[PDB]
Structure formats: structure tokens, C-alpha cells
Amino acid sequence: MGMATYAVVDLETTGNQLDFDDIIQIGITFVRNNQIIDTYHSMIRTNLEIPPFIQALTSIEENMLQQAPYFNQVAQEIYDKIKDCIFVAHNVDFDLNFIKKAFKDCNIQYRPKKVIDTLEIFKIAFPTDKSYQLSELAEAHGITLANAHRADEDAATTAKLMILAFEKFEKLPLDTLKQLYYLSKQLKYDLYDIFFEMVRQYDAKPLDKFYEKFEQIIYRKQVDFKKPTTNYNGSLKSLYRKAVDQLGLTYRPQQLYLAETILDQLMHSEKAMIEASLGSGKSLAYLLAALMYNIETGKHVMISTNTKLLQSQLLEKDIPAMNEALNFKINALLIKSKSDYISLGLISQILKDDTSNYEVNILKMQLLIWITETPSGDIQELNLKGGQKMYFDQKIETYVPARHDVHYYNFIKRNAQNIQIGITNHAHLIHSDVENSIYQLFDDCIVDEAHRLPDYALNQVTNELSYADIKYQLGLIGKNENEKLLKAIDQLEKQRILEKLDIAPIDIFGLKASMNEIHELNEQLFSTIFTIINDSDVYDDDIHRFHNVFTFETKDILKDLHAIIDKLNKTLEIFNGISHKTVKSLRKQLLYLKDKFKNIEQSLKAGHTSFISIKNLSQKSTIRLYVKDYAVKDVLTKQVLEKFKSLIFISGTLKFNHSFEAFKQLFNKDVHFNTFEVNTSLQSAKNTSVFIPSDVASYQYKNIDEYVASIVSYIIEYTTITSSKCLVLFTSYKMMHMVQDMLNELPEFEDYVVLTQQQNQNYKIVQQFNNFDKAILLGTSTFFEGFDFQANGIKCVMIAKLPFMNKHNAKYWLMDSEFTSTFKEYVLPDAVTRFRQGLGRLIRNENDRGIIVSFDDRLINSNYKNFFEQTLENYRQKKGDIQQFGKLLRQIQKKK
């Protein structure tokens, strides 16, 4: 057989409708022996108008197609070249179907014997990649993607990657065989044939990257860490000086003060709470103190972070920059929970047969290539999503490790002494000891943005019962004698009857009827909850994503739970006194469902706080039932305060009144802390200004109309006087939408793109400075923290209403029983921290200046005002009519 030729094809069309759209460009790259041997390209002339969206996507104008030929002519020529070449494409259904139609209209029948989809190939070959879009993948692996949206590179770069895959597929022999068998169940795509060919023409050699292989899995032995550190033979003041000298920054004394305070607390066994508003310079101080602890006969130091942008900044930039200055690199690693790391239990996953799940099968193949390249084993390296994510999570939860299975989490424990600088996330920090046992070898930690630590605790303090999870679990068992597990049981009984296996009678009939009954019992449970939702008071969430019911009776819910648990138990009894693997599996799964119900039942019987969530008020299939199984003060103490010898709470906002007693009350044992305040406020306090309008009415949910009208009046005045950016932080989804509607209609906001907050993927923040430097009106609800305001002009932050929480918020519902005065001990402190957070979102560089506008009158006519005007002490305040506001803006703009 002559070696196969690959026709890697890409098409540009007038659209995505096969019956109505024409091919306007075709590109083909021919690959043989992992080398590009030839290319074909042709613009194709159509009589259809090219929609402007397609012209913008492909850069193909109509004038370019006037000298191009119609498909008929090229059709005859093209077919000859690809009629004996394996058809390849990225998402091959598109190209293959369009080419098949265009050939058919020319009386040509194209039926490529072998079809290949690169998208499958790239998923398997490149699992760790965050995207499989061609441009991002090509830049991902150093391929010159050049101009995108072209049938040329889309045929060339795909081919180059296809090559890179085939080049990558040169691994241990038996391994290629594993993927061959797996491929048989992937799709009509005959990539199994491709792997088979490689199996025949395979060249054998051994590698040492894998010192050994686990069972029938091969793995890249994890490279351990060393201890590279040179004593600075000096104090950190000198080190800070030496560093800033090479970094070429400024010698900010307050930044150094922070590093010294952190190091002092770390050197001793002292717990402390530091409040720092350093202008984006905390990262260096933190690491400097850690590596200084290191040089000073110090040990491993941990650092949790509320977001991950800071994590990367210090991990992918600051540490490298310090490496050259220090002349050595202190090994640093992103510490995660045990579940995050992968075990070699993949062999169990390999054994399981799931032909139906095209994804689960691809997951097996992806994991095989991944375990050969991953250096950490973090299961999150792969973008686990959809059924793949659901399956893996279930497997990782039901996994019973044994026989000295190698877990990549143990790597962290072995190199813990060498990693004296380790980073984590607040979410991981609060995880259970059984999942965070590495902390036993990490007794010093510095928490950043610890004001958010209570919020994370609230998320990891509840358990849930979702219709989807029960549906998936029930499906795993099966409904008929031809469905998954139930089918396996039928075969076992058939064998006992015919093959005369030495197995006790298996009542498949009873099991099927039993599982059907369990399904109806489940429907009754969610039907009961849905009836409660309709017969009870329902409160929408702020982001208007879900609707929650808090006050309800759990009587009927518990009755339905009891019945389903009992039926599940009876079903399990039928298969008691048994040992066959199939029935042992069925027993494990059934017991798993039984515990998913019995746990929630136990929590409701224990009097735990519970609430109902529903995503769509019409579909009972979106119902979730939450129960509070822990206390958040409890979690914050047992899992953080009592787990570290030297805790150090660092956050810009940590004090209500003028003490930290409010942040400290979130802990149980009254433990002595050290309070420090590095203000670093400097010019900011004066560069900034505050305005409290006196011509705005009292905020009332009764008539939000006049309030939003006043708010849009102020946005008008500001924007007409100074053509700069503006940021409004609302508390009402309704208010945010109401103002944006008005802003869009008003003619004054033409040439002023308004941006709003979306439930997920809030990337509109970038658009603020995306050529919209003089025209932006970002309206948000809960982004008071995590925003950088960079603008070439005056900055304005408008606080529509004080950031309070309603008594019907999940947070309040799960905290009211943990505070004597929730308002004075939780909601009020929270509002102050949230309000001051937005205030800090105005000034970041003292080079430029800005204004803050606050409309809520409570700041001047409420009893708790003192708490809020405490947050504006370093600022200068002015109250008056919009005209006073106009005069103010002009003065600041004309400050020249």
C-alpha cells in the first residue's frame, strides 16, 4: 500500500446554511509522511450577496470574487486530487457536507473512504490546552497562524498540527494500541484506521522520562525539587533596596514596612491582622518577607489569595524578576486540595466500558496522553466540563484507593520542605483536613483579601440535592433490561439459567420494577418541593440568576425522602450475600444514591437550616435543596485559625468603627492578634473628592423611577462637562437595567458606549479602556472589589445606594443563627467594607485625580451614618444642587 495522503481542507462560505450558502474560498494542504507536500487554493465566485458579518470574519469582499471561477470548473480538477486522499478538516462535518453538496450540484459523487476530524485529534493530543479554536491553538504550540479566518492557514496550520499530533503519537507501543481500541467507539471518523497504520509501521525504542509504568498506564515521572537559596548575608532593607534597584521602581517606605511587619510576625509564632491599602505593591512585600524568612533559617510559608490574577502576577512575573536579582530561584508551587491532583486510579476508569458516552471514551484517551505530559497532575489542567466533568467528579468521589496507588498530591508532601514559598486559594484553605493534609507540613500562612474569607466559608458550608444529580445517578443504573447496569444483571441471570454459573438467583424483574418505583418516588419529592415553591414566598437573587424560597415546611419533603431511602434499601437487600463484581458494582451505585438521599434526610431531621433554590420557576428539573451542615465561624476557626502556627490576615478593609473587633468576632476562641495599619494613603486622600447630592430624593423601592431619573441626571451633567469615564455601582438589578435603557435612548450618550454586568464572563471591564477612554458608563451590581480604574482623565465612581443586604439573602439566611445582632455584627460591617472597597476603586495612581458621588441620603440622615462617614474622613466633602456639582467638575478639569 502506498502511504496515505491527507487532504486537509478548509472552506469559507457565505454562511452556515448548507442549502442556501455557497463556498467562496477553498484551501487544501496535502500531507504525506508528516510533511506538507503540496497545496491548492481557489477563490470561488458566487451570485449571492456576502453578508457584512461574513466579510468582516473572512476579509473577503465581493470585488475579490469577480475574477474567481465558479465551483463547476474547479470541481472537476479538485476531485481528482482528493478522490484518493484521506479527508481531513477542523470540525469536519461542515467542510465535508459543503464539499459534498457542491460536488453533487456538479454531478460529482464524493465519498472519501476515510474521514478525520482534527478537533477530536487536538482534544486527545493536546488535552491541557485551554482552547481548541485554531488560532489560539496555533499560537498555543508556536505555529505561525498568520492571518486567521483563511481557508489557507486553516488548511495549513491544521495540517501542521495534525503533523504535530502524529509526531506526538510516537509513544510506547502498547499505548498506541490502547487508543486504537478506544477509537472504535468515538464516531464514524475512521481515526482507528490511522492508529492501526501507525501500529503496523511502528518504530520501537525505550524512554526514561517514565522510570516505571502503573499497571497498564505509562506516566512522566514527576521531577522533584531542590533547595536553591543563597544567604543574602544582609537585612531585608538591603534586599528591598537591591531588588528595587534592579527592578527600577520607587523606594516606597510603607511597602517595606509591610514586609518587615509580616517577617517579624512570621519569625515568631504570632497571629496578626494587618490592614494595608498599598497602591498595588503588596505582592513584592509578601514574597520578599517569605524568601527573607527562607534565608533567615526559615521554613515553608503559605499565601492564600481571593482572586488568581494576583496569584499569577507574583508567580509568572515577580518571582522570575527576583530570581535574577537573588541569583537563585526558590522553588514555588501552586498548592491545591487532594482532589485537584490525579491518582493512577485511571486504570479503574480504563476498565469501565461506556461506549455510549462518546465524551467519556475521548476522556480516557485524553487522560492517557495527559498523564504522559502533565508535570503536576492537577485534574483542573484539563477544562473538565459537561458530561466529562460530571463523570470524572463522580469517579473521583467514589474512588477507593488501594495497592499503593501513586497520587500526584503526595508529590507536594515529599517536596514540602524544599518549597518554602507555596500559594493556594481561599476556597482550598477552608477545605477539610482529610483533603488538605499538606497543611500539616505548612504551619505558616499569609491570607490576602481575607475580608472575603467568610463568603467562601458560606459556599463550603452547605450540601445540596439536585434533580440533575439524581437523574444522572439513576441513568447510570439503567431503566430497562437493555440499559447499562440493568443489562449486565440480565446477562448474569441468563448465564445462571443457560451457562449454569454458580450464582444465586438474581431477580432482574424485581430490580427493574423497583428502579421504576424509585424514579416515581424521586418525581414525587421534586413535585412536592415545586408545590412548596408555588405555595410559598419566593425571592429573586441580585444577579437575577436563581429564585430562592427560605420559609417552608419540611414535613412532606422528609416523608418522600424516607420512602425513597427505604425502597433503595430494599432493592439493595435483594442482592445481599453476593460477591459477583457486576452485582458488587450495582450495590455500590445503589448505596451511593441511598446516601445522597439519606444525608439530606439526616440534616433535615437534625434541625439544620435549609432552603430551596430553583433556576427556572417553571421547570421542577432545576430544583436544588440546600442544608447547612456546618457553621461558618466554626469552619473559619477549626480549618484556618487552629491549623496554622502563624496566621497573618492582610486586607485593605478589615475594620468597622476603628477597631478589628468585628473581623475578630468571626472566630470562636478568643485568640490574641496583632493589629497594624499601613495607610500609604498619601496624596490620594486629597487628589480624590466626594459629593453628596442634596437635590436627590430618598431611595424607595416604592418609586425607584424618580431616583433613577436623578441618577441619570447626574450622569448627564458629568458626561457633558467632562468627556471621561464614569462607574456606577447599583444594588438593584432593576435600577441597573432602568438606567442603561434611559442612557441608551438619551442623545447626550451618543459616542458613549454604556456597559452593564452579565451573570457570567464579566470581560466588559477590558472594554472600559478599549478605545473608549473618553466614552464609557460601566454599570455594575456586585463588583465593588476586583476592578482597576485606569483612564486618561477625571474618574467618577457613583454609589447609587449604600451596599446593604436584604434579610432574604442566602448569606443572611445562613448567618442569622450565628450572630446575636446580624445587622450590627454582619450586614452593617459588610456594607462598610463593600462601600469602602468601591471608594478604593477610584484612586490607584496619585498622578491623576477623581470624584466620588453618593446619592443615598442615609449617609447624612440615618442613625448608623457615623460608620459610613468614618470611611470618608481623609476625603473632602461638598453637598449641593447639580449646579454646585457642575462648578466642582469644571474646577477639577481646569486644574491644569
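We number the residues from 1 along the sequence you see.
Trainee: With respect to the recorded C-alpha B factors, which stretch has the higher mean value, 851 to 859 or 39 to 47?
Mentor: On average, C-alpha B-factors are higher across 39 to 47.
Trainee: Tell me which stretch has the larger mean Cα B-factor in this entry, 483 to 491 or 325 to 333.
Mentor: Per the PDB record, 325 to 333.
Trainee: Going by the entry, which of 391, 232, 733, 667 has the most elevated CA B factor?
Mentor: Spelled out: the listed residue with the top C-alpha B-factor is 232.
Trainee: Among 366, 186, 410, 339, single out the one with the highest C-alpha B factor in the record, please.
Mentor: Across 366, 186, 410, 339, the entry lists the biggest C-alpha B-factor for 186.
Trainee: Among the chain's modelled residues, which third holds the C-alpha B-factor of residue 867?
Mentor: Lowest third - that is where residue 867 ends up once the chain's C-alpha B-factors are sorted.
Trainee: Within this chain, which third does the Cα B-factor at residue 834 fall in: lowest, middle or highest?
Mentor: Tercile = lowest for this residue's CA B-factor.
Trainee: Going by what the PDB entry lists, where does residue 20 fall on CA B-factor within its chain: lowest, middle or highest third?
Mentor: Its C-alpha B-factor belongs to the highest third of this chain's values.
Trainee: Name the third of the chain's ranked CA B-factors that contains residue 744, choosing lowest, middle or highest.
Mentor: For residue 744, the deposited C-alpha B-factor lands in the middle third.
Trainee: Based on the entry's values, in what third of the chain does the Cα temperature factor of residue 550 lie: lowest, middle or highest?
Mentor: Lowest third of the chain for residue 550's C-alpha B-factor.
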